[PDB]
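Protein chains in written order, with the entry's author numbering: chain B, 11 to 124; chain A, 11 to 125; chain B', 11 to 124; chain A', 11 to 125. A prime marks a further copy of an entry chain.
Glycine residues also receive a C-beta, built at the ideal position from the N, C-alpha and C atoms.
See below for the structure under consideration.
Protein chains: 4
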Amino acid sequence: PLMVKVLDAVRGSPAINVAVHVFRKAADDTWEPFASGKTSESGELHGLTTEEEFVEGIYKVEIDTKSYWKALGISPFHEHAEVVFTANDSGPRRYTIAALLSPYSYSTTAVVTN
Amino acid sequence: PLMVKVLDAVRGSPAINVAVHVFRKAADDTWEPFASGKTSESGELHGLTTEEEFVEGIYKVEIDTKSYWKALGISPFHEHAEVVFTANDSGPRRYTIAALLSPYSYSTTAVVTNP
Amino acid sequence: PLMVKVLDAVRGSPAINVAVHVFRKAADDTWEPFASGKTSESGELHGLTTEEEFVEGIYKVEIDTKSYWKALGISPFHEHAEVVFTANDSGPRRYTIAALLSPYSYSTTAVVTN
Amino acid sequence: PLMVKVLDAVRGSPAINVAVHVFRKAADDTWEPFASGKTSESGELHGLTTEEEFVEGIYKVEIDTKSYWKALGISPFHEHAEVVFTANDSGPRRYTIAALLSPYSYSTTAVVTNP
Ligand SMILES: *S(=O)(=O)c1cccc(-c2nnc(-c3cc(Cl)cc(Cl)c3)o2)c1
Ligand SMILES: *S(=O)(=O)c1cccc(-c2nnc(-c3cc(Cl)cc(Cl)c3)o2)c1
């Protein structure tokens, strides 16, 4: 139900071995750990959650861009990239969060399909 | 020292009346409110801080994209766009945070200059 | 060896049924038709060329964004999106040209892998 | 009436000294040279045309990204970034074409205003 895909705009490649942390917003407005992993050789992280666990709510996907750039010897601007959204059951069932990374910029889009 | 510029990729226009909240990470790891404002008719927000107040630290610029799209009667994907960065750690710099908004996507870039 | 992937930033979806034309730059600097098709239900167009036919050179991928937006009742800015690049044998073998579309903006990236 | 702004996503800076060529489609379908220039220290290019000369038509703004990245000693993916659009077909407008550059990617947006 939730996939993350990360691309590198400097090298023209998937962004491999990027740490990604997913959080769910709790009743008290704090961010509760939900899922995490490292992107694969294709820049993708699957297996984060199941349909049962992925209920409506506000989620935050934090992509550790700073460590990625540092490991390439590049000083980047951001601490991380955060993508914050509501999961809504009225919409399509599968969410892909995509991000395209540069040292001083990032872009993100959602592909929400059935 | 800190300016925010926001564009609308649907309209081909400045994104006007976008609320922006800036936070700074405190010594205890919480996000302290630092400044706020909203974008003008030109999509720009100036006057958030001063050179004196804009000390070294980790800053979070939260651009209230959902509120922007909902005020236009549109149901967008994201809650906000958050831009988190260390500032002024090699001395004072001027930062422009730019964002380009669509209902299911955004991009953001930084222009950092040494005065 | 060549794939095109097109996404819609307004609807959060693949951009389906988008016409895509690929051209190769000829010796006289004109653009010679090379391959074309329409993106699938996943926003992808595969089957454009083969390894034998896809030799080094300058290629142009023209994405008919204007017709896409018109069919959704949206007046867009661009006539099309053009992505122009050199295929180089020294680099990785598989080229994916990705584009993310909005009415007054587009972004494009290359994912070049082995 | 026509301005071009270019940013560098690697450096976090204006993209300076970027060559830009503008073409207009002629009645016979060829691309006629219309104007050209290069971006300033602020990444901006003004003075390409006048209200009188910038008539209705289909325009192509070619941003010479490869030449920019090669002048910096970098091997980029694209030859150029081309922005093709109909202009002034509901009367005169002011157009800003903005581009954000990385070695294997670019984005472009338009801001269109009615004076
Ligand atoms: S696919 O899942 O096989 C595939 C292959 C290559 C690239 C993609 C992809 N997904 N998102 C993007 C993208 C995101 C942004 Cl923010 C900007 C751009 Cl230009 C592309 O590319 C998917
Ligand atoms: S400038 O202040 O004259 C000026 C005018 C129009 C647009 C800009 C501008 N600033 N940033 C951007 C931009 C940001 C992103 Cl994330 C993506 C793109 Cl394509 C452009 O445009 C500045």
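| Item | Value |
| --- | --- |
| Anything in the stretch 57-82 of chain B' with a Cβ closer than 8 Å to a Cβ of chain A'? List those residues in chain order, please. | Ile68 |
| Can you tell me where the alpha helix (DSSP H) holding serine 77 of chain A' begins and where it ends? | 75-81 |
| Within its chain, find whatever has a CB closer than 7 Å to the CB of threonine 123 of chain A; leave out the 5 residues flanking it on each side and keep chain order. | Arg103 and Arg104 |
| For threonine 49 of chain B', which beta-bridge partners are listed by DSSP? | None, per the DSSP bridge assignment. |
| How is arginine 21 of chain A' classed by DSSP in three states: helix, strand or coil? | coil |
| Terminal residues of the continuous beta strand (DSSP E) containing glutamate 89 of chain B'? | 88-97 |
| Can you look up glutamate 63 of chain B' in the DSSP assignment and give me helix, strand or coil? | coil |
| Roughly how many angstroms separate the alpha carbons of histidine 31 of chain B' and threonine 59 of chain B, rounded to a whole number? | 39 Å |
| In or out: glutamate 92 of chain B buried (at least 16 other Cβ within 10 Å) or exposed? | buried |
| Would you say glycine 22 of chain B faces chain A', with C-beta separation under 8 Å as the test? | yes |
| For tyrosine 114 of chain A, decide whether its Cβ has a neighbour in chain B', counting only Cβ atoms nearer than 8 Å. | yes |
| Counting Cβ pairs closer than 8 Å, one from the stretch 50-68 of chain B' and one from the stretch 85-99 of chain B', do we hit at least three? | yes |
| So the beta strand (DSSP E) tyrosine 116 of chain A belongs to, where does it begin and stop? | 115-123 |
| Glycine 22 of chain A': buried (16+ other C-beta within 10 angstroms of its C-beta) or exposed? | buried |
| For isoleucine 84 of chain B', count the other beta carbons within 10 Å of its own beta carbon; 16 or more makes it buried, fewer makes it exposed. Which is it? | exposed |
| Could you tell me if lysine 15 of chain A' is buried or exposed, where buried requires 16 or more neighbouring beta carbons within 10 angstroms of its beta carbon? | buried |
| Consult DSSP for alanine 108 of chain A and reduce its assignment to one of helix, strand or coil. | strand |
| As a quick exercise: from B:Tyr69, B:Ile73 and B:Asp18, pick the residue whose alpha carbon is nearest that of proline 11 of chain B. | B:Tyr69 |
| If you draw a straight line from the C-alpha of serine 115 of chain B to the C-alpha of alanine 81 of chain A, how long is it? | 27 Å |
| May I ask whether a heavy atom of ligand 2 can be found less than 7 Å away from the beta carbon of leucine 17 of chain A'? | yes |
| Just list the residues that DSSP pairs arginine 34 of chain B with in beta bridges. | B:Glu42 and B:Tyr69 |
| Tell me whether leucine 110 of chain B, by its Cβ, gets closer than 7 Å to a heavy atom of ligand 4. | The model depicted lacks ligand 4 and carries ligand 1 and ligand 2 instead. |
| Determine the closest residue to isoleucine 73 of chain A' out of A':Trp41, A':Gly47 and A':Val121, with distance taken between C-alpha atoms. | A':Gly47 |
| For ligand 1, is there any heavy atom lying closer than 7 Å to the beta carbon of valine 122 of chain B'? | no |
| Which residues in the same chain have their Cβ closer than 6 Å to the Cβ of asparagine 27 of chain B, if we skip the five residues on either side of it in sequence? | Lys48 |
| Leaving out the 5 sequence neighbours to the left and right, which residues in its chain are closer than 7 Å to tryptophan 79 of chain A when beta-carbon positions are compared? | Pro86 and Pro113 |
| Quick one: which residues of the stretch 97-122 of chain B' get their C-beta closer than 7 Å to a C-beta of chain B? List them in chain order. | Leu110, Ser117, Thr119, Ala120, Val121 and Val122 |
| Does any CB atom of chain B fall closer than 8 Å to the CB of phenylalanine 87 of chain A'? | yes |
| Sorted by chain position, which residues of the same chain lie with C-beta nearer than 7 Å to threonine 119 of chain B's C-beta, five sequence neighbours on each side aside? | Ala108 |
| Please confirm if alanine 91 of chain B has its CB atom under 8 Å from at least one CB of chain A'. | no |
| Please confirm whether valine 121 of chain A' and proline 24 of chain A have their CB atoms less than 8 Å apart. | yes |
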